[PDB]
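# Descriptive analysis of the structure
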Amino acid sequence: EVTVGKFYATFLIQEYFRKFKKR
Amino acid sequence: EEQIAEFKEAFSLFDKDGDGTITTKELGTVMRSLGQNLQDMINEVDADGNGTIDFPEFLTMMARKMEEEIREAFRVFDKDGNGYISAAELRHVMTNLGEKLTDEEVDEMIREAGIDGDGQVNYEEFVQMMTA
Ligand SMILES: [Ca+2]
Ligand SMILES: [Ca+2]
Ligand SMILES: [Ca+2]
């Protein structure tokens, strides 16, 4: 689904920030 | 449990004005910031059918989504569509998205400290807020 995947795209970058913060 | 908070942070980035609803214009600015160029997106998540997305509807869509999602993410970041994400294209999307989350974090810090827009603090209140 391109729709939820578009919403998921921002969530993935946001989670990469959070995972990089715990380091 | 802790995933709901992460979803609320993803929701608050779209909900810039903080009224608790994601409008079609608020969804459009983030998509344009990712390099993309809409009504069906909002209607696909709106369960109550008022034309806007509240957080409970956003939670259901994001929880129901949890392979193909990462491919769509790759497509959004691959701006020129050459099958690769270059250094500039990764930096651009993460700088745009990172700066927007920083802005949301700033607005939450200002609201939490009681200023909440159009407010002010004197030197004594500034010291108390900026220390401890
Ligand atoms: Ca709003
Ligand atoms: Ca709704
Ligand atoms: Ca590329």
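Below is a short write-up of the structure.

## Here we look at the interface of chain A and chain B
Contact residues are listed per partner, giving 14 residues for chain A and 22 residues for chain B. Of the residues contributing to the side of chain A that touches chain B, the split by class is nine nonpolar, three polar and two charged.

## So, the side chain of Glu26 of chain B
Residues and elements named next belong to chain B. As for its placement among the helices and strands, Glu26 is situated in helix α2 (residues 24–33). A polar contact of 3.3 Å, which involves the side chain of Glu26, links it to the backbone nitrogen of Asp17. Excluding residues within four positions of it along the chain, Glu26 makes contact with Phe14, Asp15, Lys16, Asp17 and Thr21.

## Notes on unusual backbone geometry
One can expect most non-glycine residues to show negative phi and most peptide bonds to be in trans. All names here are of chain B. For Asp116, which is not a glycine, the phi torsion comes out positive at approximately 55°. You can see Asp116 is positioned in the loop between α6 (87–112) and α7 (123–130). Even without a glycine there, the phi angle at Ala132 is positive, about 60°. Looking at the secondary structure, you find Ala132 in the segment after α7.

## Observations regarding the packing of helix α1 (residues 2–21) of chain A against α6 of chain B
As a packed pair, α1 of chain A and α6 of chain B sit with axes 10 Å apart at the nearest point and diverge in direction by 75°. Relative to α6 of chain B, the element α1 of chain A is oriented roughly perpendicular. Here α1 of chain A contributes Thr10, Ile13, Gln14, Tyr16 and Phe17 of chain A to the contact with α6 of chain B, which in turn contributes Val93, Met94, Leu97, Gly98 and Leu101 of chain B. Of the residues in the contact of α1 of chain A with α6 of chain B, the class split is seven nonpolar, three polar and no charged.

Conventions used here
Residues numbered from 1 in each chain as written, not as in the entry; some residues may be left out. Chains lettered and ligands numbered in written order. Heavy atoms only, no water. Residues with missing side-chain atoms left out of burial classes, pairs and counts. Contact = heavy atoms within 4.5 Å. Nonpolar A, V, L, I, M, F, W, Y, C, P; charged D, E, K, R; others polar. Helix = DSSP H or I, 4+ residues; strand = E, 2+ residues; numbered from the N terminus. Polar contact = N/O pair within 3.5 Å; in protein donor to acceptor, adjacent residues only side chain to side chain. Axes fitted to C-alpha atoms, helices over the stretch in contact; angles between N-to-C directions. Parallel < 35°, antiparallel > 145°, perpendicular 65-115°, else oblique.

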